[PDB]
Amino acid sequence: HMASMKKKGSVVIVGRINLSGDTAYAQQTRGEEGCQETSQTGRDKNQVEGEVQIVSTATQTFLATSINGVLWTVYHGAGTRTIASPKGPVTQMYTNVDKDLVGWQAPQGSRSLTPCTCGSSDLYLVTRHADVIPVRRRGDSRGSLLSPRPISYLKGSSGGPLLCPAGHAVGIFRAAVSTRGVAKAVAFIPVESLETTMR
């Protein structure tokens, strides 16, 4: 309406969780200054690698996971925002507030996880600190931590994957179930729900 109205920035990839070796570890690929500038321009010329990205807006940081050629994350992190890319902002390909789910085309250079068809309930949650947390699946969209810990340790990991023993994607971490600040269970978007959304 006004000549003063501002536009929200793009989501920016600022790092990744490295899962390629024997040791999981977080890597930062962009610092806060370049992140702020890239959010405004939407132009990110940095090379993207791997499956799990660390992403940030001006106000939040969380994770994003490539499965089947789509970079997925949570709506409560990304809203309807574009993601920065070498050629400018990229509009979401999937948006579903009812699932807390959004998706963009996976970045050039990323690797995608394969959707799990194992039917296994022994899962592993990957956090933004590269902790690999055993989680027993307890329903279509819930799992229990085998070793509970304060919600602090899970904050910022929405958008991260739950994996099966074979390293396939089983879901996208959405929310934590807490008792007196201790995370006992997690909610996630099952990969079948992503596979449906893709149709």
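Here, rigid core means the biggest group of C-alpha atoms that superpose within 1.5 Å across both forms. From 1 onward, residues are counted along the sequence shown.
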note = Core superposition done, the stretch whose Cα atoms deviate more in 6 other deposited structures of this protein, picking from 143 to 151 and 23 to 31, is 23 to 31
ask   = Comparing 167 to 175 with 145 to 153, which stretch shows the greater average C-alpha B-factor in the deposited entry?
value = 145 to 153
remark   = Averaging the C-alpha temperature factors as deposited, the higher value of 42 to 50 versus 158 to 166 falls on 42 to 50
remark   = The residue of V12, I189, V186, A24 with the maximal C-alpha B-factor according to the PDB record is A24
query = Looking at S66, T61, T29, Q36, which has the biggest Cα B factor in the entry?
reply = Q36
ask   = By the record's CA B-factor, is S85 among the lowest, middle or highest third of residues in the chain?
value = highest
note = Entry-reported C-alpha B-factor of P115 relative to its chain, by third, is middle
task = Check where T95 lands among this chain's C-alpha B-factors and tell me if it's the lowest, middle or highest third.
result = middle
inquiry  = Using only modelled residues of the chain, where does the Cα B factor of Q108 rank: lowest third, middle third or highest third?
reply    = highest
